[PDB]
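These notes concern the structure reproduced below.
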Amino acid sequence: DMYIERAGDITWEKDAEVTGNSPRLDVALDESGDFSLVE
Amino acid sequence: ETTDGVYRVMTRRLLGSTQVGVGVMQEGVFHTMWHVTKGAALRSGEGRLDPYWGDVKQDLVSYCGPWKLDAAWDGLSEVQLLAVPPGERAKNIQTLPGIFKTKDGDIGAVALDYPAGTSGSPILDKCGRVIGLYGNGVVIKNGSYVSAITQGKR
């Protein structure tokens, strides 16, 4: 039986750590809500 | 507590207290990913949050009212993931989304890896609006994780 706990405000952070790339991927989405990669 | 913000979704049903996911309280509605709660009711202090809307294929669910989150990635600008990892303080992480191309259109995706239990963490634009939720995605050749920017409809 699940419960929630507040963790913060939703706000943009002016000087945040910046990371991650920007892949462009062909995907499929099935009826179960699962993504898969196409080639 | 109904105040807007980001929340952890916890359970005591396992060893200790376990974070199963994250979600967004906005305009009195709690928003998370379907796979976090499987649509079950939630406790908020003494209160009960009942499910209101959900869809397994979109992998989204709202509580206490209809889905409220409208904003969409602009397709051009960096965004921030407000990651709330288990046992760890909320942290903003800025990134330029990539794209999931599907038969039914393109959606943004963020190439950021966080532990199980971070699903539902919100992705924000520079205005602070939630443009979707993190935690439904793919595992790529590199073995890393790429999450869709999953947004509902208001």
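By Swiss-Prot numbering, chain B shows 1515-1668, in order.
This entry, so its header tells us, was determined using X-ray crystallography, 1.7 Å.
Here the Cβ of each residue, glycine as well, is placed from N, Cα and C on the backbone.
Database features, via Swiss-Prot:
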ACT_SITE  B:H1549  active site, charge relay system
ACT_SITE  B:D1573  active site, charge relay system
ACT_SITE  B:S1633  active site, charge relay system
How far is it from B:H1549 (active site, charge relay system) to B:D1573 (active site, charge relay system), counting Cα to Cα, in Å?
6
Long-range Cβ list for B:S1633 (active site, charge relay system), cut-off under 8 Å, min separation 6+ in sequence, same chain only, gives B:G1535, B:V1536, B:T1546, B:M1547, B:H1549, B:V1550, B:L1647, B:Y1648, B:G1649, B:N1650
Pick out which of the active-site residues B:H1549, B:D1573 has the most other Cβ atoms within 10 Å of its own Cβ.
B:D1573
Going by DSSP, is B:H1549 (active site, charge relay system) sitting in a helix, a strand, or coil?
helix
